[PDB]
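Only one structure is covered here, and it is reproduced in the block below.
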């Protein structure tokens, strides 16, 4: 069962500024929303089993274009299209091919797998406007595994992780037009990105289940004592089916 494409968003990178990038991310969050919790959008997940929902992100720079297909429920990158023939490449994991007619890449969407394919660490890659320009150029035409994987890291960080986290979107916006490299702070990798799934669950289970006990979390060296305070970090919230299980279950 191929992932459907619910909608397409398009951004040109050439005139991109901190402000227009921020606008794009904010609009994308709204486009992705099914419902809202304290003003923060919540992703779909009443749909399950055999209804993979996706969206397309079209990125253009000086006549060069790529389209990336992303899961709408977990914001995981699934594939991208080359410009010449329109050939689709698909990342390993998700199920048979989620993109009809695609060629499978030798890696999945996890950063462990992407970093190995890129032969380069997520924290050693630059995420400014120049890097995004290079990423669309490479994705448009490259058949080189390293180039593809590195470029997919840049797109994943600057669109998927930025969409998920306020502080990440801010960081990339504020540093976007810089001529020097923009690195991702380690706390944003380790405290935020790695915990999106867990934090989303804690937040929705706290809202749903009076018997759920929120455990304080530490982020950027600060203690986050409540689900309300944790929610302030998220731009959009994942919706795991367990969050809809009947509350106050035994145990």
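Per Swiss-Prot, chain A residues shown: 4-98, 102-257, in order.
Positions of Cβ are set from backbone N, Cα and C atoms, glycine also.
These features come from Swiss-Prot:
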ACT_SITE  167  active site
DISULFID  217-254  disulfide bond
SITE      79  site 'Important for catalytic activity'
SITE      117  site 'Important for catalytic activity'
SITE      170  site 'Important for catalytic activity'
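Feature map: annotations from Swiss-Prot on the structure.
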| residue | record | Cβ neighbours (10 Å) |
| --- | --- | --- |
| 79 | site 'Important for catalytic activity' | 17 |
| 117 | site 'Important for catalytic activity' | 19 |
| 167 | active site | 24 |
| 170 | site 'Important for catalytic activity' | 26 |
| 217 | disulfide bond | 11 |
| 254 | disulfide bond | 9 |
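Of all the recorded positions in the list 79, 117, 217, 254, the shortest Cα-Cα distance to residue 167 (active site) is found for 79. Cα to Cα, residue 79 (site 'Important for catalytic activity') and residue 117 (site 'Important for catalytic activity') are separated by 11 Å. Straight-line distance between the Cα atoms of residue 98 and residue 102 is 5 Å, even though 3 residues between them have no modelled coordinates. For the pair residue 217 (disulfide bond) and residue 170 (site 'Important for catalytic activity'), the C-alpha distance works out to 27 angstrom. A distance of 29 Å separates the Cα atom of residue 170 (site 'Important for catalytic activity') from that of residue 254 (disulfide bond). A separation of roughly 35 Å, to the nearest angstrom, links the Cα atoms of residue 254 (disulfide bond) and residue 117 (site 'Important for catalytic activity').
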